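Residue-level listing of the chains:
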Amino acid sequence: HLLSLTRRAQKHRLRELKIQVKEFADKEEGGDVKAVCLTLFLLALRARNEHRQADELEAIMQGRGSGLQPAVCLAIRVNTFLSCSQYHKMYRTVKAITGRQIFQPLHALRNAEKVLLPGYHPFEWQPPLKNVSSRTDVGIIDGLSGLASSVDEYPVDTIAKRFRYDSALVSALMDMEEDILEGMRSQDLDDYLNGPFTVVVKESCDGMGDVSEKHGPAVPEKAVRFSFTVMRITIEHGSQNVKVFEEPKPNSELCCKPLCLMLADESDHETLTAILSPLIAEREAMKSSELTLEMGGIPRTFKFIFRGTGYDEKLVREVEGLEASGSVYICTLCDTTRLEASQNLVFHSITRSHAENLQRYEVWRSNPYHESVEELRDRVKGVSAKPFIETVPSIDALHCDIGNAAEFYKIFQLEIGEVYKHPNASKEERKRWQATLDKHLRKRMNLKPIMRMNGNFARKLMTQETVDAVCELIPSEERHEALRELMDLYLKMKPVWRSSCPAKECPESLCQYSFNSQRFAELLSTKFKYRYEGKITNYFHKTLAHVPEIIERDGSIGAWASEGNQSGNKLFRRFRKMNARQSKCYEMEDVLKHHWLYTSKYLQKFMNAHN
Amino acid sequence: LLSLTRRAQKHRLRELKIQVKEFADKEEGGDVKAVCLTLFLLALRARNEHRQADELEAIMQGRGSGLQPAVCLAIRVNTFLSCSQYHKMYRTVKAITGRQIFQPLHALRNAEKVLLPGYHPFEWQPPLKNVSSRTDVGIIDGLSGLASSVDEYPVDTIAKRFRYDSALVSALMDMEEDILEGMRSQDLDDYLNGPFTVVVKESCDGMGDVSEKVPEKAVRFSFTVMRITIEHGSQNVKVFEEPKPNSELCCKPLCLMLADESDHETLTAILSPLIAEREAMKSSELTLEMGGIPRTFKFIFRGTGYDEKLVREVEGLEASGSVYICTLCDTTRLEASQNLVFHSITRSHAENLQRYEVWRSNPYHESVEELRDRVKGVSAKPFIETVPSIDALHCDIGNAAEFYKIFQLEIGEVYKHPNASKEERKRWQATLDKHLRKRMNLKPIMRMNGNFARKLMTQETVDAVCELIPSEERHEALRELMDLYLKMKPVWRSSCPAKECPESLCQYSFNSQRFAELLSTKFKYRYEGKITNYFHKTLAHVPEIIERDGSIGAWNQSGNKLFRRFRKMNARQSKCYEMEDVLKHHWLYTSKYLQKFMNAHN
DNA sequence: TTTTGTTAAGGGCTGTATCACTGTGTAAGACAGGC
DNA sequence: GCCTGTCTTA
DNA sequence: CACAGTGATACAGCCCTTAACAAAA
Ligand SMILES: [Mn+2]
Ligand SMILES: [Mn+2]
Ligand SMILES: [Zn+2]
Ligand SMILES: [Zn+2]
């Protein structure tokens, strides 16, 4: 074979073709034997389907250098959870074996971290924020905010770290600079324009359940994560507000920028308020000022709108002074009781507010009309503690479906048992009704039975097909008509709470939602009297009573869902194991800085480069 | 021509393409690739562009700006990257640099096949007894066909293993480069094939709790290639020997199981097939092709990697609290305490099998105590032949414990107070602790460890403790005792005492006898019929073990961490495959081939 | 006169979209003490 | 016409 | 439960490969 033999030999075996090629080059290509042989070999390589070696030859002939910028190295390190030691091994190995420095060393990545972390860029607030420092070089700060720790004081059992809220807002904005400029471009606006931008910031807070690592005698360790999500940025260009940025995946863990991480129980009110109050204070202060910050060389100004929607009901109730979820006062939007909400199905309005709730706590505290505890509690509608966070409670598209399906399932079981006709039934009769329904759904609808309510059972059960199925088990067909119309009203309502923008996607559904929920409740009250027990769920109450008001308040439902942060805990634990110094004070800030970096849109752009 | 696009260059070169294809098919059988590569390389050399030419030769050899899939495997395995995480890095680097620096996942899998057992062919002459001759066998079920029906004994374990010979093959092929280069380094010929002898340390330990969160225990049966010698004429010249014998890096995993090392039924059931295979290889030659030449290997298996509890379990002996304290000899705790130094290695696997048979058959119709004295502790049938040794650590610890007791008792002067109470001795100990903290900065200890022994066993410490002893005649004795200890220590602590301390190795028996004599004269107070296996072995068996193994220190607590690592991050979360993936991953982690790449910066 | 596109049928690498599979977090109910 | 952790699994 | 996230696996999409016209330049 040619490649077995030596250069003198291969030259011997190829001399004839070499002479022919020199002739071809001089007669057609001006004597470039080098270029002609290169092209011949590249095209031969492409012919044998070996594109890899051909492209590598192309890159080495072009001399185009392969060097990853330290920011890309950081992107990979962060997004694959490599520790410093592991990254260093990979770096030194690739550099030693290819001779080229494809990955950058660790100090370069640290320096690139500095840009993407709070405390790097300068900024100004006009007018300066009330009770907030004007220093711009603040990074990670102790989450206790100088909380007293002497042995005399209350015992401090938690470790927490946080960013300064304005500083974190600056870091997040600078991170999305490229998307802001590209969004202005895509809206036919100018890169250099600086007119006032408005930032709609979604605020969130949740407990992360258990965080313990354990070798049994598991001592639990709970955590609280205080976060914010830039939802949209608009620019005033006229009497018009042009949407230059809108978060594509608003419930993702990718854009949920961690602001404060603490090892404490969300039910531990003393510590919750001690850690969170300084954040709330900076947030308040920013509500009354404009941020000037240099982007692409042009100073810009930003006005903020904080909307605390990332709070599940338990945390809403805790921070807004309300009673625990088992209370008679079931809604965090109005003053209805469970009985009231069960009898009055559709006509309620969003009457609670942070101010009213502050007021009601003061009424509770001072007892100004010298009332008994039952009368006082009635007066203040269950606001028996002082609220300390203004929230905007909502509902997720999931729970609307869930509540409706629970009700329809119970209706199916009772309509199989003809309770419209027989008031009483033993436990055995109802159990056989449910067995009949579950068997028939498994047979005709391929629906597994479930012992516990859940989302996709609801999704698959709330179909007209299932109504035909269950009607195959009902004697009277007037009740067939009733069930078909009830499910028709359900299907006329569902698009409003599921769509991403109901104002645009299903304007007739949104316009007729209130009329349809009225007819829904009227059908339940006339042709379904039996299913009234004075009981109802917050999910059903909110679905029938507050969906149109919540849409008009927020524009949508499905996007302010409670769905994503179930990944957070996992994320947290990972960072604590593989990327954190093993010391209580440092591990927290290492988790914080790694979580910050994991959320930066810059590095995520590098990690989606192929598209 | 170069400023032109693809269709353009294809057209304007179509004529030369037809002529070149004709010449290539007519002269080289249609091998157009070889002809254009050699043409371009020769043209590049012709223009004195040796850099560009050597770089293309390296791209065709895969050494520059393109990582060989084996090097990607080395990096991925050795940094614990999952396939998903590796793929993310691969695709991102490729997309941003345009070049395919890392190789795709399929290429790493194909390179894995080579480094795993079951790839190369080999032969055993004569064929191994009861072992299949198929050579394409890799990971196999560690239960080895153990019955699992509900009627049978309940199987609570999952295990995966290699066939022992197949693993030996893969391990030698891994070190092929080291063997050939060692042959060169001994001024021998690469092509020699005369019988290579491979010494193989065999090892076993349980790995504690493995669970990710009930305890889940694991056993690891593993081996280490310790030395490979070749025969030229009638000298046995060593061609390779491992530099770090006790490293996790060269401890090749053979079988991994989720079972308790004290679960004797399951342990025997799983490990007996590997012992059968090893028994079979003990009388056969391995023919194996390296660098084109068929070579021949014969193996020596030495099960020295067994801590005492596992030794006693697999060799049929009683538990550690027994009166038969030594696994090298028949001494009782009382005997070893009185005699101390004149003992010899007596026990062997065959003697233990026959002592079990004597226990079982009771041929002389003796009572249980007479029978136990007859079989010297072998009440269970052995099933693994071990080479029980000692750890240099335990020699130091046993000696240091004895010296600590002697110090506290010389402070309390126990010879003058035979009826001393518990609290008086406790205050003696407190005195010694306080003064050692004052003079040597030694924090008192609830338990004994190596660092304590290391700092305490000094002559200056003896001076410090003499500062609390009234009689100077006893200063003489304590200082001579410590001097003998310091003479004996190098012998058991070196990695090759026949070069590093030959004077001490020679004088060892004299020194041990003088040490025991001084204990039996001046220090009679600390005789109470009790002694530790570690001290017995240090005073009685160190020279014999050196004669047997040449080294003490040369023959697993990271094992737990490494097993857990691989299970959590690199394995399918399914009982069916987790062990498979863990074993394969550990095996790859131990290959000298990938390790070379990871050390490329040297 | 010099560069590229293009048709049609069809052949390998490569990229990603799943497979199957279990641990695990979260939460939905069940249930029992308030001696 | 109860409240509220603990526990069990889905 | 739902889903995350493992290594293995199946499937689709990739740029071509024969001749010829020919459109842009
Ligand atoms: Mn919560
Ligand atoms: Mn052990
Ligand atoms: Zn309400
Ligand atoms: Zn002995």
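Above this text sits the structure in question.
Residues numbered from 1 in each chain as written, not as in the entry; some residues may be left out. Chains lettered and ligands numbered in written order. Part of a larger assembly, values for the part shown. Heavy atoms only, no water. Residues with missing side-chain atoms left out of burial classes, pairs and counts.

Asks: Just give me the short version of the interface of chain A and chain B, but keep the residues and values in it.
Replies: Counting from both sides, the interface comprises 48 residues of chain A and, opposite them, 45 residues of chain B. Elements represented by at least two residues in the side of chain A that touches chain B include exactly helix 1 (7-28), helix 2 (33-47), helix 3 (51-62), helix 4 (70-80), helix 5 (84-98), helix 23 (568-578) and helix 25 (601-607) of chain A. Among the elements that line the side of chain A that touches chain B, the one with the most residues is helix 5 of chain A, at nine residues. Taken together, the residues of the side of chain A that touches chain B break down into 26 nonpolar, eleven polar and eleven charged. (Contact = heavy atoms within 4.5 Å. Helix = DSSP H or I, 4+ residues; strand = E, 2+ residues; numbered from the N terminus. Nonpolar A, V, L, I, M, F, W, Y, C, P; charged D, E, K, R; others polar.)

Asks: Describe the packing of helix 14 (residues 397-416) of chain A against helix 21 (residues 538-545) of chain A, naming the residues involved and giving the relevant values.
Replies: All names here are of chain A. One way to put it is that helix 14 packs onto helix 21 with a least axis distance of 8 Å and a crossing angle of 105 degrees. Between helix 14 and helix 21, the angle is such that the two are roughly perpendicular. Where helix 14 abuts helix 21, its residues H399, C400, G403, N404 and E407 lie against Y539, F540 and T543. Split by residue class, the contact of helix 14 with helix 21 holds three nonpolar, four polar and one charged. (Axes fitted to C-alpha atoms, helices over the stretch in contact; angles between N-to-C directions. Parallel < 35°, antiparallel > 145°, perpendicular 65-115°, else oblique.)

Asks: Before we move on, could you go through the coordination of the zinc ion (ligand 3) and cite the residues and values that matter?
Replies: Residues and elements named next belong to chain A. Every protein donor of the zinc ion (ligand 3) is accounted for by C331 (SG), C334 (SG), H541 (NE2) and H546 (NE2), and the metal-donor separations fall at 2.1 to 2.3 Å. For the zinc ion (ligand 3), the four donor atoms in the first shell make angles of 101 to 136 degrees at the metal, so the coordination geometry reads as irregular. Written as a sequence motif, the donor arrangement for the zinc ion (ligand 3) is C-x2-C-x206-H-x4-H. As far as the burial class goes, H541 and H546 line up, both buried. (Donors = N, O, S within 2.8 Å, 3.2 Å for Na, K, Ca; no water. Tetrahedral: all angles 85-135°; square planar, octahedral: opposite > 155°, others 65-115°. Buried < 20%, exposed > 50% of the residue type's maximum accessible area, 1.4 Å probe, protein only.)

Asks: Account for the nonpolar core, with residues named and values stated.
Replies: Core analysis: the biggest nonpolar cluster contains 186 residues, and A:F103 and B:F102 have the highest contact counts within it. In this view, B:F102 contacts A:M90, A:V94, A:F103, B:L67, B:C72, B:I75, B:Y86, B:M89 and B:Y90; residues no more than four positions away in its chain are not counted. Counting 55 residues, the second-largest nonpolar core is a separate cluster that includes A:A341, A:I474, A:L486 and A:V496. (Core = buried A, V, L, I, M, F, W, Y, C linked by side-chain atoms within 4.5 Å.)

Asks: How would you explain the coordination of the manganese ion (ligand 1) if you had to name every residue and give the values?
Replies: Listed as protein donors to the manganese ion (ligand 1) are A:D206 (OD) and A:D312 (OD); their distances from the metal cover 2.2 Å. You can call A:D312 partly exposed: its relative accessible area is 29%.

Asks: For the protein's contact with DNA strand E, give the residues involved together with the corresponding values.
Replies: Around DNA strand E, a shell composed of 15 residues is seen, among which A:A47, A:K448, A:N454, B:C83 and B:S84 lie nearest. The sugar-phosphate backbone supplies 94% of the atoms of DNA strand E found within 4 Å of the protein. At 3.1 Å, a side-chain N or O of A:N454 approaches a phosphate oxygen of DNA strand E. A distance of 3.4 Å separates a phosphate oxygen of DNA strand E from a polar side-chain atom of A:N456. Broken down by secondary-structure element, the contributors of at least two residues to the surface near DNA strand E are helix 2 and helix 23 of chain A together with helix 6 (83-97) and helix 24 (557-570) of chain B. In the surface near DNA strand E, the residues fall into four nonpolar, five polar and six charged. (Near = heavy atom within 4 Å. Polar contact = N/O pair within 3.5 Å; in protein donor to acceptor, adjacent residues only side chain to side chain.)

Asks: So what's going on with the pairing of strand 7 (residues 252-257) of chain B? Which residues, and what values?
Replies: All names here are of chain B. Most of strand 7 sits out of view: six of its six residues are buried. Of the pairings in the sheet, the one linking strand 3 (residues 159-162) to strand 7 comprises three bridges and is antiparallel in character. In the strand pairing of strand 7, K160 is matched with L256. The pairing of strand 5 (residues 217-232) with strand 7 spans five bridges and is antiparallel. (Pairing = 2+ DSSP bridges.)

Asks: Which residues make up helix 23 of chain A, and what values do they have?
Replies: All names here are of chain A. Restricting attention to buried positions, one finds in helix 23 the residues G568, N569, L571, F572, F575 and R576. One face of helix 23 carries all of its buried residues, which in axial projection span an arc of 160 degrees. Tucked inside the fold, the buried residues of helix 23 contact strand 4 (197-210), strand 7 (257-262) and helix 24 (584-599). (Arc of directions from axis to C-beta.)

Asks: Explain empty space enclosed by the protein to me, using residue names and the numbers behind them.
Replies: Quantified by volume, the largest cavity comes out at close to 60 Å³. The residue inventory of the lining of the largest cavity, partitioned by class, reads five nonpolar, one polar and four charged. (1 Å grid on protein atoms, 1.4 Å probe; cavity = no way out; pocket = protein on both sides within 12 Å on 5 of 7 lines; lining within 4 Å. Points joined across faces, edges and corners; volume = space filled by probe spheres on them.)

Asks: Give me the lowdown on unusual backbone geometry, citing residues and values where you can.
Replies: Of the consecutive residues A:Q126 and A:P127, the connecting peptide bond is found in the cis state with omega at 0 degrees. Relative to the helices and strands, A:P127 is located in the loop between strand 1 (123-126) and strand 2 (140-142). Geometrically, the link from B:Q125 to B:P126 is a cis peptide bond, its omega value of 0 degrees lying close to zero. Along the chain, B:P126 turns up in the loop between strand 1 (122-125) and strand 2 (139-141). Its identity is not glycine, yet A:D188 carries a phi of approximately 65 degrees, on the positive side. In this structure, A:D188 sits in the loop between helix 8 (177-186) and strand 4. Taking relative accessible area as the criterion, A:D188 reaches 75% and is therefore assigned exposed.

Asks: Give a detailed account of the environment of A:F408, specifying residues and quantitative values.
Replies: Residues and elements named next belong to chain A. When you line up the elements, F408 lands in helix 14. On the basis of relative accessibility, which here comes to 2%, the residue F408 falls in the buried class. The contacts of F408, once residues within four sequence positions are left out, are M462, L486, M487, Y490 and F520.

Asks: An account of helix 13 (residues 349-361) of chain B is needed here, citing residue identities and associated values.
Replies: Residues and elements named next belong to chain B. Its 13 residues place the ends of helix 13 18 Å apart at the C-alpha level, agreeing with the 18 Å of an ideal helix rising 1.5 Å per residue. Of the surrounding secondary structure, the elements contacted by the buried residues of helix 13 are helix 14 (368-375). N362 occupies a position one or two residues after helix 13 and carries a positive phi of about 40 degrees. (Expected span 1.5 Å × (residues − 1).)

Asks: With reference to specific residues and values, describe the packing of helix 12 (residues 354-366) of chain A against helix 13 (residues 373-380) of chain A.
Replies: All names here are of chain A. Running from N to C, helix 12 and helix 13 point in directions that differ by 165 degrees, and their axes come no closer than 9 Å. Comparing the axis directions of helix 12 and helix 13 gives the class roughly antiparallel. The interaxial crossing formed by helix 12 with helix 13 has right-handed handedness. Touching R360, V363 and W364 of helix 12 are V373, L376, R377, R379 and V380, all from helix 13. (Left-handed = near helix turned anticlockwise from the far one by under 90°.)

Asks: Lay out the environment of B:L310 with the relevant residues and their values.
Replies: Residues and elements named next belong to chain B. Within the fold, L310 resides in helix 11 (residues 308-314). You can call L310 buried: its relative accessible area is 0%. Residues within four places of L310 in sequence aside, it is in contact with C204, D205, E261 and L267.

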